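Visitor: What follows is my_file.cif, mmCIF, C-alpha atoms.
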```
data_query
#
loop_
_atom_site.group_PDB
_atom_site.id
_atom_site.type_symbol
_atom_site.label_atom_id
_atom_site.label_comp_id
_atom_site.auth_asym_id
_atom_site.auth_seq_id
_atom_site.Cartn_x
_atom_site.Cartn_y
_atom_site.Cartn_z
ATOM 1 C CA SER A 1 44.835 15.736 -26.208
ATOM 2 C CA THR A 2 41.231 14.968 -25.343
ATOM 3 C CA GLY A 3 38.970 11.938 -25.032
ATOM 4 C CA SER A 4 35.187 11.538 -25.222
ATOM 5 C CA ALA A 5 33.291 8.328 -24.525
ATOM 6 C CA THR A 6 29.626 7.441 -24.109
ATOM 7 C CA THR A 7 28.528 5.929 -20.822
ATOM 8 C CA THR A 8 25.429 3.706 -20.754
ATOM 9 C CA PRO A 9 23.207 2.509 -17.889
ATOM 10 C CA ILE A 10 23.572 -1.233 -17.241
ATOM 11 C CA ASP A 11 19.832 -1.695 -16.593
ATOM 12 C CA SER A 12 16.460 0.054 -16.483
ATOM 13 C CA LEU A 13 17.122 1.525 -13.026
ATOM 14 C CA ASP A 14 20.504 3.160 -13.790
ATOM 15 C CA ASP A 15 22.103 0.951 -11.121
ATOM 16 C CA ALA A 16 25.493 1.758 -12.694
ATOM 17 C CA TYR A 17 26.996 3.013 -15.956
ATOM 18 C CA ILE A 18 29.466 1.279 -18.284
ATOM 19 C CA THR A 19 31.927 2.939 -20.615
ATOM 20 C CA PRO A 20 33.932 1.112 -23.298
ATOM 21 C CA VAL A 21 37.709 1.043 -22.724
ATOM 22 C CA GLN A 22 40.368 -0.231 -25.114
ATOM 23 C CA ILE A 23 43.134 -2.226 -23.444
ATOM 24 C CA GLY A 24 46.181 -3.685 -25.129
ATOM 25 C CA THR A 25 47.436 -4.343 -28.630
ATOM 26 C CA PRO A 26 45.422 -5.272 -30.600
ATOM 27 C CA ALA A 27 42.702 -3.551 -28.605
ATOM 28 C CA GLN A 28 40.572 -5.601 -26.223
ATOM 29 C CA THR A 29 37.417 -3.615 -25.479
ATOM 30 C CA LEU A 30 35.981 -4.036 -22.006
ATOM 31 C CA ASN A 31 33.048 -2.181 -20.514
ATOM 32 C CA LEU A 32 34.155 -0.556 -17.287
ATOM 33 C CA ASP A 33 32.403 1.177 -14.399
ATOM 34 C CA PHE A 34 34.015 4.609 -14.135
ATOM 35 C CA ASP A 35 34.267 5.272 -10.413
ATOM 36 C CA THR A 36 35.191 8.706 -9.002
ATOM 37 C CA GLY A 37 35.114 7.095 -5.538
ATOM 38 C CA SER A 38 38.029 4.676 -6.054
ATOM 39 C CA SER A 39 41.438 4.653 -7.663
ATOM 40 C CA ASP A 40 42.091 1.174 -9.116
ATOM 41 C CA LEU A 41 41.653 0.197 -12.757
ATOM 42 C CA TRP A 42 40.888 -3.510 -12.552
ATOM 43 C CA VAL A 43 39.474 -6.011 -14.963
ATOM 44 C CA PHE A 44 38.065 -9.457 -15.258
ATOM 45 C CA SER A 45 40.817 -11.418 -16.954
ATOM 46 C CA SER A 46 42.146 -14.742 -18.149
ATOM 47 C CA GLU A 47 43.505 -15.049 -14.587
ATOM 48 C CA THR A 48 40.101 -14.725 -12.883
ATOM 49 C CA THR A 49 38.938 -17.870 -11.043
ATOM 50 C CA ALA A 50 36.762 -19.582 -13.643
ATOM 51 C CA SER A 51 33.827 -20.181 -11.276
ATOM 52 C CA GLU A 52 33.757 -16.426 -10.604
ATOM 53 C CA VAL A 53 33.295 -15.411 -14.244
ATOM 54 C CA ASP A 54 29.726 -15.396 -15.571
ATOM 55 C CA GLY A 55 29.340 -13.578 -18.875
ATOM 56 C CA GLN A 56 31.905 -10.788 -18.479
ATOM 57 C CA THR A 57 34.379 -9.939 -21.209
ATOM 58 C CA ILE A 58 37.896 -10.700 -20.020
ATOM 59 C CA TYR A 59 41.286 -9.128 -20.618
ATOM 60 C CA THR A 60 43.885 -11.657 -21.740
ATOM 61 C CA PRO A 61 47.307 -10.058 -21.318
ATOM 62 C CA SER A 62 49.081 -12.912 -23.153
ATOM 63 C CA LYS A 63 47.260 -11.774 -26.311
ATOM 64 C CA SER A 64 48.487 -8.180 -25.963
ATOM 65 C CA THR A 65 51.873 -7.381 -27.460
ATOM 66 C CA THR A 66 52.197 -4.310 -25.225
ATOM 67 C CA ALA A 67 51.299 -6.003 -21.921
ATOM 68 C CA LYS A 68 54.029 -6.443 -19.335
ATOM 69 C CA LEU A 69 53.757 -8.067 -15.910
ATOM 70 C CA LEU A 70 54.480 -5.528 -13.207
ATOM 71 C CA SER A 71 56.676 -7.899 -11.278
ATOM 72 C CA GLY A 72 55.816 -8.401 -7.631
ATOM 73 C CA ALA A 73 52.781 -6.121 -7.673
ATOM 74 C CA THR A 74 49.484 -7.167 -6.130
ATOM 75 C CA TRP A 75 46.242 -5.400 -5.348
ATOM 76 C CA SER A 76 43.238 -5.940 -3.147
ATOM 77 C CA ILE A 77 40.224 -3.677 -2.706
ATOM 78 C CA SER A 78 36.955 -3.545 -0.782
ATOM 79 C CA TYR A 79 34.070 -1.250 -1.680
ATOM 80 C CA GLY A 80 31.355 0.471 0.343
ATOM 81 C CA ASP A 81 28.762 -2.084 -0.754
ATOM 82 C CA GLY A 82 30.865 -4.861 0.767
ATOM 83 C CA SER A 83 32.124 -6.219 -2.543
ATOM 84 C CA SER A 84 35.805 -6.897 -3.215
ATOM 85 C CA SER A 85 38.388 -8.091 -5.715
ATOM 86 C CA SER A 86 42.111 -8.794 -5.853
ATOM 87 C CA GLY A 87 44.881 -9.984 -8.137
ATOM 88 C CA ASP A 88 48.138 -9.037 -9.851
ATOM 89 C CA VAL A 89 49.138 -6.199 -12.193
ATOM 90 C CA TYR A 90 50.176 -5.643 -15.797
ATOM 91 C CA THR A 91 51.056 -2.399 -17.504
ATOM 92 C CA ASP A 92 49.516 -1.875 -20.931
ATOM 93 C CA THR A 93 48.141 0.747 -23.307
ATOM 94 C CA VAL A 94 44.674 1.999 -22.320
ATOM 95 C CA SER A 95 42.473 4.257 -24.438
ATOM 96 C CA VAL A 96 39.217 5.953 -23.491
ATOM 97 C CA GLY A 97 37.252 7.730 -26.191
ATOM 98 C CA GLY A 98 40.351 8.350 -28.316
ATOM 99 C CA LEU A 99 42.628 9.337 -25.401
ATOM 100 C CA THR A 100 45.574 6.961 -24.990
ATOM 101 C CA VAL A 101 47.784 6.270 -21.973
ATOM 102 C CA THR A 102 50.811 4.063 -22.352
ATOM 103 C CA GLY A 103 52.117 2.200 -19.302
ATOM 104 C CA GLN A 104 48.806 2.252 -17.441
ATOM 105 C CA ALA A 105 48.559 -0.169 -14.507
ATOM 106 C CA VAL A 106 45.852 -2.664 -15.457
ATOM 107 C CA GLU A 107 44.999 -4.681 -12.376
ATOM 108 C CA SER A 108 44.101 -8.208 -13.311
ATOM 109 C CA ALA A 109 41.574 -9.923 -11.040
ATOM 110 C CA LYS A 110 42.359 -13.372 -9.715
ATOM 111 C CA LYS A 111 39.355 -13.179 -7.350
ATOM 112 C CA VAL A 112 36.097 -11.211 -7.364
ATOM 113 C CA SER A 113 33.202 -11.305 -4.912
ATOM 114 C CA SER A 114 29.721 -12.543 -5.772
ATOM 115 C CA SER A 115 28.257 -9.132 -6.615
ATOM 116 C CA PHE A 116 30.754 -8.774 -9.463
ATOM 117 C CA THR A 117 30.319 -12.334 -10.759
ATOM 118 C CA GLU A 118 26.561 -11.891 -10.731
ATOM 119 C CA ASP A 119 26.698 -8.698 -12.836
ATOM 120 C CA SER A 120 27.578 -9.824 -16.343
ATOM 121 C CA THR A 121 27.472 -6.258 -17.684
ATOM 122 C CA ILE A 122 30.480 -4.849 -15.760
ATOM 123 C CA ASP A 123 33.904 -6.073 -16.914
ATOM 124 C CA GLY A 124 35.783 -4.079 -14.298
ATOM 125 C CA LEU A 125 36.246 -0.643 -12.760
ATOM 126 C CA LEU A 126 38.199 2.416 -13.801
ATOM 127 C CA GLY A 127 38.961 4.489 -10.732
ATOM 128 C CA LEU A 128 38.991 8.279 -10.968
ATOM 129 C CA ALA A 129 39.497 9.350 -7.355
ATOM 130 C CA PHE A 130 42.990 10.465 -6.244
ATOM 131 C CA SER A 131 45.910 8.101 -6.762
ATOM 132 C CA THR A 132 46.668 8.133 -3.025
ATOM 133 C CA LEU A 133 43.844 5.584 -2.658
ATOM 134 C CA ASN A 134 45.253 3.152 -5.216
ATOM 135 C CA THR A 135 45.743 -0.264 -3.584
ATOM 136 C CA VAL A 136 48.681 -1.658 -5.601
ATOM 137 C CA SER A 137 51.500 -2.879 -3.377
ATOM 138 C CA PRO A 138 54.422 -2.487 -2.894
ATOM 139 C CA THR A 139 54.472 0.329 -5.461
ATOM 140 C CA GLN A 140 51.297 2.423 -5.599
ATOM 141 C CA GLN A 141 50.052 3.111 -9.117
ATOM 142 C CA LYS A 142 48.473 6.146 -10.779
ATOM 143 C CA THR A 143 44.916 6.391 -12.124
ATOM 144 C CA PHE A 144 44.205 6.753 -15.826
ATOM 145 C CA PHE A 145 43.373 10.446 -15.271
ATOM 146 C CA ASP A 146 46.564 11.082 -13.309
ATOM 147 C CA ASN A 147 48.615 9.451 -16.093
ATOM 148 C CA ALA A 148 46.762 11.403 -18.824
ATOM 149 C CA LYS A 149 46.674 14.737 -17.056
ATOM 150 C CA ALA A 150 49.818 16.344 -18.407
ATOM 151 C CA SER A 151 48.914 15.481 -22.003
ATOM 152 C CA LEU A 152 45.374 16.823 -21.671
ATOM 153 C CA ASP A 153 44.424 20.190 -23.166
ATOM 154 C CA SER A 154 43.062 21.048 -19.690
ATOM 155 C CA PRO A 155 43.586 18.936 -16.563
ATOM 156 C CA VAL A 156 39.898 18.068 -16.154
ATOM 157 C CA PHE A 157 37.348 15.388 -16.782
ATOM 158 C CA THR A 158 33.573 15.737 -16.838
ATOM 159 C CA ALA A 159 30.691 13.434 -15.988
ATOM 160 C CA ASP A 160 27.399 13.897 -17.761
ATOM 161 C CA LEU A 161 25.282 10.936 -16.666
ATOM 162 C CA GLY A 162 21.876 10.345 -18.181
ATOM 163 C CA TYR A 163 18.587 9.528 -16.522
ATOM 164 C CA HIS A 164 17.481 6.239 -18.101
ATOM 165 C CA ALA A 165 19.660 7.254 -21.064
ATOM 166 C CA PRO A 166 23.258 7.299 -22.261
ATOM 167 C CA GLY A 167 25.596 10.099 -21.249
ATOM 168 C CA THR A 168 29.228 11.143 -21.634
ATOM 169 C CA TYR A 169 32.613 11.184 -19.921
ATOM 170 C CA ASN A 170 34.966 13.761 -21.432
ATOM 171 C CA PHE A 171 38.662 14.154 -20.693
ATOM 172 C CA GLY A 172 40.658 17.300 -21.247
ATOM 173 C CA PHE A 173 37.881 19.730 -22.184
ATOM 174 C CA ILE A 174 34.582 21.208 -21.053
ATOM 175 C CA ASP A 175 31.791 20.853 -23.626
ATOM 176 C CA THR A 176 29.999 24.183 -23.272
ATOM 177 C CA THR A 177 27.033 22.806 -25.263
ATOM 178 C CA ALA A 178 26.366 20.102 -22.640
ATOM 179 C CA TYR A 179 24.912 22.268 -19.847
ATOM 180 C CA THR A 180 22.664 25.257 -19.301
ATOM 181 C CA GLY A 181 23.556 28.433 -17.468
ATOM 182 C CA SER A 182 26.910 28.668 -15.714
ATOM 183 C CA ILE A 183 29.139 26.168 -13.925
ATOM 184 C CA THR A 184 29.511 26.801 -10.183
ATOM 185 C CA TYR A 185 32.837 25.656 -8.806
ATOM 186 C CA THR A 186 33.373 24.657 -5.203
ATOM 187 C CA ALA A 187 36.354 23.647 -3.069
ATOM 188 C CA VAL A 188 37.627 20.069 -2.813
ATOM 189 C CA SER A 189 39.464 18.382 0.019
ATOM 190 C CA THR A 190 41.721 15.533 -1.105
ATOM 191 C CA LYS A 191 42.585 14.572 2.480
ATOM 192 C CA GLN A 192 40.655 11.279 2.307
ATOM 193 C CA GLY A 193 41.556 10.693 -1.368
ATOM 194 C CA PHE A 194 38.054 11.524 -2.656
ATOM 195 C CA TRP A 195 36.448 14.365 -4.566
ATOM 196 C CA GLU A 196 35.159 15.632 -1.255
ATOM 197 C CA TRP A 197 33.239 18.930 -1.115
ATOM 198 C CA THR A 198 30.635 20.778 0.967
ATOM 199 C CA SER A 199 27.110 21.336 -0.248
ATOM 200 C CA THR A 200 25.478 24.508 1.060
ATOM 201 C CA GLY A 201 22.101 22.882 1.876
ATOM 202 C CA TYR A 202 18.924 21.385 0.492
ATOM 203 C CA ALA A 203 15.239 21.731 -0.255
ATOM 204 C CA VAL A 204 12.474 19.148 -0.484
ATOM 205 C CA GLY A 205 10.063 19.632 -3.367
ATOM 206 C CA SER A 206 8.778 23.197 -3.515
ATOM 207 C CA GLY A 207 9.831 23.779 0.091
ATOM 208 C CA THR A 208 12.146 26.453 1.393
ATOM 209 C CA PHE A 209 15.883 25.981 1.110
ATOM 210 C CA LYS A 210 17.666 24.958 4.309
ATOM 211 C CA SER A 211 21.128 26.483 4.568
ATOM 212 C CA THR A 212 23.414 23.903 6.109
ATOM 213 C CA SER A 213 26.870 22.512 5.331
ATOM 214 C CA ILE A 214 26.861 18.931 4.109
ATOM 215 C CA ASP A 215 30.317 17.422 3.538
ATOM 216 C CA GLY A 216 30.296 14.561 1.036
ATOM 217 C CA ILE A 217 31.953 12.946 -1.970
ATOM 218 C CA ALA A 218 31.091 13.075 -5.652
ATOM 219 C CA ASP A 219 30.995 9.351 -6.417
ATOM 220 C CA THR A 220 29.982 8.062 -9.849
ATOM 221 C CA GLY A 221 30.421 4.482 -8.658
ATOM 222 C CA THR A 222 27.658 4.727 -6.042
ATOM 223 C CA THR A 223 24.075 4.444 -7.311
ATOM 224 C CA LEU A 224 22.175 6.416 -4.694
ATOM 225 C CA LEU A 225 22.279 9.678 -2.746
ATOM 226 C CA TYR A 226 23.376 9.092 0.883
ATOM 227 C CA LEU A 227 22.821 12.017 3.226
ATOM 228 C CA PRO A 228 22.475 12.692 6.980
ATOM 229 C CA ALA A 229 19.483 11.039 8.658
ATOM 230 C CA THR A 230 17.909 14.417 9.451
ATOM 231 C CA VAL A 231 17.875 15.351 5.764
ATOM 232 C CA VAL A 232 16.642 11.994 4.570
ATOM 233 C CA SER A 233 13.830 11.941 7.168
ATOM 234 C CA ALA A 234 12.733 15.414 6.034
ATOM 235 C CA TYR A 235 12.573 14.179 2.433
ATOM 236 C CA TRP A 236 10.613 10.976 3.058
ATOM 237 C CA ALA A 237 8.192 12.673 5.466
ATOM 238 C CA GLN A 238 6.767 14.344 2.324
ATOM 239 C CA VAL A 239 5.837 10.990 0.748
ATOM 240 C CA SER A 240 2.658 9.424 2.143
ATOM 241 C CA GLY A 241 3.353 5.901 3.392
ATOM 242 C CA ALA A 242 7.149 6.121 3.128
ATOM 243 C CA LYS A 243 9.098 4.423 5.903
ATOM 244 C CA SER A 244 12.519 3.086 6.773
ATOM 245 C CA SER A 245 12.528 -0.697 6.639
ATOM 246 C CA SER A 246 15.288 -2.477 8.502
ATOM 247 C CA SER A 247 14.357 -5.676 6.640
ATOM 248 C CA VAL A 248 14.707 -4.083 3.209
ATOM 249 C CA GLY A 249 17.707 -1.994 4.242
ATOM 250 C CA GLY A 250 16.459 1.548 3.785
ATOM 251 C CA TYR A 251 13.552 3.820 2.996
ATOM 252 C CA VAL A 252 10.766 2.360 0.909
ATOM 253 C CA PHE A 253 7.646 4.022 -0.399
ATOM 254 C CA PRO A 254 4.380 3.079 -2.072
ATOM 255 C CA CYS A 255 4.958 2.530 -5.782
ATOM 256 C CA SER A 256 1.728 4.529 -6.324
ATOM 257 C CA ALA A 257 3.429 7.704 -5.005
ATOM 258 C CA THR A 258 4.487 10.782 -6.894
ATOM 259 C CA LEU A 259 7.892 11.671 -5.468
ATOM 260 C CA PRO A 260 8.900 15.273 -4.787
ATOM 261 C CA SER A 261 12.109 16.696 -6.170
ATOM 262 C CA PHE A 262 15.215 17.195 -4.032
ATOM 263 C CA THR A 263 17.447 20.249 -4.417
ATOM 264 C CA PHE A 264 21.051 20.497 -3.237
ATOM 265 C CA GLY A 265 23.224 23.588 -2.974
ATOM 266 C CA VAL A 266 26.499 24.239 -4.725
ATOM 267 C CA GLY A 267 27.658 27.562 -3.345
ATOM 268 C CA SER A 268 24.844 29.966 -4.200
ATOM 269 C CA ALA A 269 23.649 27.676 -7.041
ATOM 270 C CA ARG A 270 21.036 24.926 -6.914
ATOM 271 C CA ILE A 271 20.828 21.507 -8.569
ATOM 272 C CA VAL A 272 17.330 20.041 -8.725
ATOM 273 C CA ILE A 273 16.929 16.269 -8.726
ATOM 274 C CA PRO A 274 13.504 15.431 -10.217
ATOM 275 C CA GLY A 275 11.346 13.091 -8.157
ATOM 276 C CA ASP A 276 11.419 10.382 -10.817
ATOM 277 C CA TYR A 277 15.215 10.096 -10.395
ATOM 278 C CA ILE A 278 14.618 8.988 -6.787
ATOM 279 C CA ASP A 279 12.461 5.963 -7.761
ATOM 280 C CA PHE A 280 14.374 2.669 -7.786
ATOM 281 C CA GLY A 281 11.365 0.511 -8.415
ATOM 282 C CA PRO A 282 9.801 -2.484 -6.665
ATOM 283 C CA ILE A 283 11.900 -3.994 -3.878
ATOM 284 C CA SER A 284 11.208 -7.379 -5.461
ATOM 285 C CA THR A 285 9.473 -8.305 -8.720
ATOM 286 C CA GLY A 286 5.750 -7.547 -8.462
ATOM 287 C CA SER A 287 5.945 -5.707 -5.141
ATOM 288 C CA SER A 288 4.022 -2.504 -4.584
ATOM 289 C CA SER A 289 6.771 -1.324 -2.227
ATOM 290 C CA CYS A 290 9.415 0.715 -4.047
ATOM 291 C CA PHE A 291 12.992 1.439 -3.008
ATOM 292 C CA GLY A 292 14.055 5.044 -2.424
ATOM 293 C CA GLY A 293 16.955 6.712 -4.169
ATOM 294 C CA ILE A 294 17.779 8.942 -1.200
ATOM 295 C CA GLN A 295 19.056 6.978 1.793
ATOM 296 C CA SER A 296 20.698 7.671 5.169
ATOM 297 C CA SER A 297 24.492 7.834 5.334
ATOM 298 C CA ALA A 298 24.367 7.011 9.049
ATOM 299 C CA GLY A 299 26.795 4.177 9.555
ATOM 300 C CA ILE A 300 28.569 4.718 6.227
ATOM 301 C CA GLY A 301 30.718 7.358 7.864
ATOM 302 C CA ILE A 302 30.505 9.703 4.897
ATOM 303 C CA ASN A 303 27.854 11.419 2.781
ATOM 304 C CA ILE A 304 27.811 10.297 -0.843
ATOM 305 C CA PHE A 305 26.590 12.305 -3.829
ATOM 306 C CA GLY A 306 26.151 9.237 -6.018
ATOM 307 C CA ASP A 307 24.518 8.837 -9.405
ATOM 308 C CA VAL A 308 21.057 9.992 -8.264
ATOM 309 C CA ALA A 309 22.566 13.423 -7.572
ATOM 310 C CA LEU A 310 25.279 13.583 -10.223
ATOM 311 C CA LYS A 311 22.988 12.638 -13.127
ATOM 312 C CA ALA A 312 20.960 15.762 -12.449
ATOM 313 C CA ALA A 313 24.083 17.846 -13.279
ATOM 314 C CA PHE A 314 26.973 18.366 -15.622
ATOM 315 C CA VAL A 315 29.927 17.762 -13.275
ATOM 316 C CA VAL A 316 33.487 19.033 -13.745
ATOM 317 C CA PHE A 317 36.265 17.206 -11.930
ATOM 318 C CA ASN A 318 39.022 19.801 -12.075
ATOM 319 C CA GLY A 319 42.380 18.165 -11.395
ATOM 320 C CA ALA A 320 44.443 21.339 -11.407
ATOM 321 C CA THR A 321 47.136 21.730 -8.740
ATOM 322 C CA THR A 322 44.361 22.837 -6.380
ATOM 323 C CA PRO A 323 41.470 20.593 -7.408
ATOM 324 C CA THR A 324 37.861 21.822 -7.501
ATOM 325 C CA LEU A 325 34.432 20.499 -8.496
ATOM 326 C CA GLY A 326 32.027 22.249 -10.833
ATOM 327 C CA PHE A 327 28.273 21.704 -11.164
ATOM 328 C CA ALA A 328 25.898 23.008 -13.790
ATOM 329 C CA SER A 329 22.276 22.311 -14.550
ATOM 330 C CA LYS A 330 21.552 20.668 -17.897
#
```
Translate the structure of the given file into structure tokens.

Guide:
Amino acid sequence: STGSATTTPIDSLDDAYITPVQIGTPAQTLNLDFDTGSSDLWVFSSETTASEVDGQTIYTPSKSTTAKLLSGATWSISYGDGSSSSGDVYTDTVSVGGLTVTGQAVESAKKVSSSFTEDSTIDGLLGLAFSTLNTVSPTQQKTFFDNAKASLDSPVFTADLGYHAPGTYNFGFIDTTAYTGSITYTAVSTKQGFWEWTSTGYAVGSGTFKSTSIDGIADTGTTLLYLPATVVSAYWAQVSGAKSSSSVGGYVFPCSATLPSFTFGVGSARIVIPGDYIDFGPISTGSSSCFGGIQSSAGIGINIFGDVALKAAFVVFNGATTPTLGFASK
């Protein structure tokens, strides 16, 4: 089997991407944030605290003939941006782009933090990291990909995120029309439950490539590119007037700037992030200070190849017995 679904930016900055997901019988379509950095599929639901719902589409398991309470199961998760959610668990039929999983754990939110309530465009998350990170207790549950894997033509999924434009998540096949050149594959460590890999270095703009190992995760659920402070300082030093603002919470730059590109290494290959991808716009409405799309990972504890990086590539998440990651230009 295969699946193919379009993923769409939630706003003009590509702060996140939503992908339609069919849950239950008859189908209830919710727009979920596909997240290769977590492993829970959770949704706003009829069980969510009413004051914490503001415009989201909810899953109502009582209206699904295939929903079943997973008795005794609860879940609770915190994300890198400080947001959180928790609740109980149903199993139900879940389809993504024509690919169906029966018996998928659908984690129903009883509580969500303010960041979720305040974003009316995201109805939940669909985790695509390794199932070892799933938070369901007392019986850990498998991700949608893990459940689908054995039925897939090939045990892979791909992320093809757009810059200010829709893109595609495919399951079970590699669309050879979706990228240019060749795909370069690189080793993954699953030891922390992430799609963790080592970039071979970087360049700033038209500058020379610096060979250096940068361990990080491929994370579709993180907006920005978080890298070591040395790297990030070298990037922003090339933008006149750029500075790190403790008050804003990262590097800002004059909105009048033309940003240089940033290149990262995948083995002997190179992925070039155009400068425009690194512009996240005014820090507040009407400001001439703009927020940078490359930020320091110092104090995160891990480097994160988030959307800013991934959208510059066609990315293969190869879930074979020994997983790997593939990157191509596009």

Visitor: Could you write out as a ChimeraX atom specification the residues that the PyMOL selection byres ((chain A and resi 82) around 12) matches in the shown file?

Guide: /A:77-81,83-85,112-116,300

Visitor: Using only C-alpha atoms, find the one residue out of A:281, A:274, A:267, A:299 that sits nearest to residue 184 (chain A).

Guide: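 Closest residue, counting only C-alpha atoms: A:267.
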
Visitor: Got a sec: who's within 8 Å of region 57-61 of chain A, counting all atoms listed in the file, leaving out chain neighbours fewer than 2 positions off, as a PyMOL selection string?

Guide: chain A and resi 23-24+28+30-31+43-47+55+63-64+67-68+90+108+123

Visitor: May I have the residues from that selection written out with C-alpha atoms, as a PDB file, keeping the file's coordinate frame?

Guide:
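This went into result02.pdb:
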```
ATOM      1  CA  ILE A  23      43.134  -2.226 -23.444  1.00  0.00           C
ATOM      2  CA  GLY A  24      46.181  -3.685 -25.129  1.00  0.00           C
ATOM      3  CA  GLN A  28      40.572  -5.601 -26.223  1.00  0.00           C
ATOM      4  CA  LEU A  30      35.981  -4.036 -22.006  1.00  0.00           C
ATOM      5  CA  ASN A  31      33.048  -2.181 -20.514  1.00  0.00           C
ATOM      6  CA  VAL A  43      39.474  -6.011 -14.963  1.00  0.00           C
ATOM      7  CA  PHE A  44      38.065  -9.457 -15.258  1.00  0.00           C
ATOM      8  CA  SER A  45      40.817 -11.418 -16.954  1.00  0.00           C
ATOM      9  CA  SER A  46      42.146 -14.742 -18.149  1.00  0.00           C
ATOM     10  CA  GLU A  47      43.505 -15.049 -14.587  1.00  0.00           C
ATOM     11  CA  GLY A  55      29.340 -13.578 -18.875  1.00  0.00           C
ATOM     12  CA  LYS A  63      47.260 -11.774 -26.311  1.00  0.00           C
ATOM     13  CA  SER A  64      48.487  -8.180 -25.963  1.00  0.00           C
ATOM     14  CA  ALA A  67      51.299  -6.003 -21.921  1.00  0.00           C
ATOM     15  CA  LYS A  68      54.029  -6.443 -19.335  1.00  0.00           C
ATOM     16  CA  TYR A  90      50.176  -5.643 -15.797  1.00  0.00           C
ATOM     17  CA  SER A 108      44.101  -8.208 -13.311  1.00  0.00           C
ATOM     18  CA  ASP A 123      33.904  -6.073 -16.914  1.00  0.00           C
TER      19      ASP A 123
END
```

Visitor: Expand the PyMOL selection byres ((chain A and resi 256) around 9) into the individual residues it matches in the shown file, reporting them as a ChimeraX atom specification.

Guide: /A:253-255,257-258,288-290

Visitor: If the PyMOL selection byres ((chain A and resi 70) around 7) were run on this exact file, what residues would it hold? Put them as a PDB file with C-alpha atoms, keeping the file's coordinate frame.

Guide:
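expr.pdb written:
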```pdb
ATOM      1  CA  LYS A  68      54.029  -6.443 -19.335  1.00  0.00           C
ATOM      2  CA  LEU A  69      53.757  -8.067 -15.910  1.00  0.00           C
ATOM      3  CA  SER A  71      56.676  -7.899 -11.278  1.00  0.00           C
ATOM      4  CA  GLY A  72      55.816  -8.401  -7.631  1.00  0.00           C
ATOM      5  CA  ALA A  73      52.781  -6.121  -7.673  1.00  0.00           C
ATOM      6  CA  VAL A  89      49.138  -6.199 -12.193  1.00  0.00           C
ATOM      7  CA  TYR A  90      50.176  -5.643 -15.797  1.00  0.00           C
ATOM      8  CA  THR A  91      51.056  -2.399 -17.504  1.00  0.00           C
TER       9      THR A  91
END
```

Visitor: How close does region 165-210 of chain A get to region 315-320 of chain A? List, as JSON lines, each residue of region 165-210 of chain A within 10 Å, its nearest atom pair and the distance in Å to one decimal, counting all atoms listed in the file.

Guide:
```
{"residue": "A:169", "atom": "CA", "partner": "A:315", "partner_atom": "CA", "distance": 9.7}
{"residue": "A:170", "atom": "CA", "partner": "A:316", "partner_atom": "CA", "distance": 9.4}
{"residue": "A:171", "atom": "CA", "partner": "A:317", "partner_atom": "CA", "distance": 9.6}
{"residue": "A:172", "atom": "CA", "partner": "A:318", "partner_atom": "CA", "distance": 9.6}
{"residue": "A:173", "atom": "CA", "partner": "A:316", "partner_atom": "CA", "distance": 9.5}
{"residue": "A:174", "atom": "CA", "partner": "A:316", "partner_atom": "CA", "distance": 7.7}
{"residue": "A:179", "atom": "CA", "partner": "A:315", "partner_atom": "CA", "distance": 9.4}
{"residue": "A:183", "atom": "CA", "partner": "A:316", "partner_atom": "CA", "distance": 8.4}
{"residue": "A:184", "atom": "CA", "partner": "A:316", "partner_atom": "CA", "distance": 9.4}
{"residue": "A:185", "atom": "CA", "partner": "A:316", "partner_atom": "CA", "distance": 8.3}
{"residue": "A:188", "atom": "CA", "partner": "A:318", "partner_atom": "CA", "distance": 9.4}
{"residue": "A:195", "atom": "CA", "partner": "A:317", "partner_atom": "CA", "distance": 7.9}
```

Visitor: Find the residues with any atom within 8 Å of (37.0, 5.2, -28.4); use only C-alpha atoms and the coordinates as given in the file, and write the answer as a PyMOL selection string.

Guide: chain A and resi 3-5+20-22+95-99

Visitor: Between A:313, A:121, A:305, A:250, single out the one closest to residue 283 (chain A), counting all atoms listed in the file.

Guide: A:250

Visitor: When distances are computed from only C-alpha atoms, which of A:196, A:54, A:307, A:276 shows the smallest separation from residue 122 (chain A)?

Guide: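 The closest residue to residue 122 (chain A) is A:54.
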
Visitor: Tell me which residues come within 10 Å of (33.8, 19.0, 4.6), as a list in words, counting all atoms listed in the file in the file's coordinates.

Guide: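 Collected hits near the coordinates: residues 187, 188, 189, 196, 197, 198, 199, 213, 214, 215, 216, 217, 302 and 303 of chain A.
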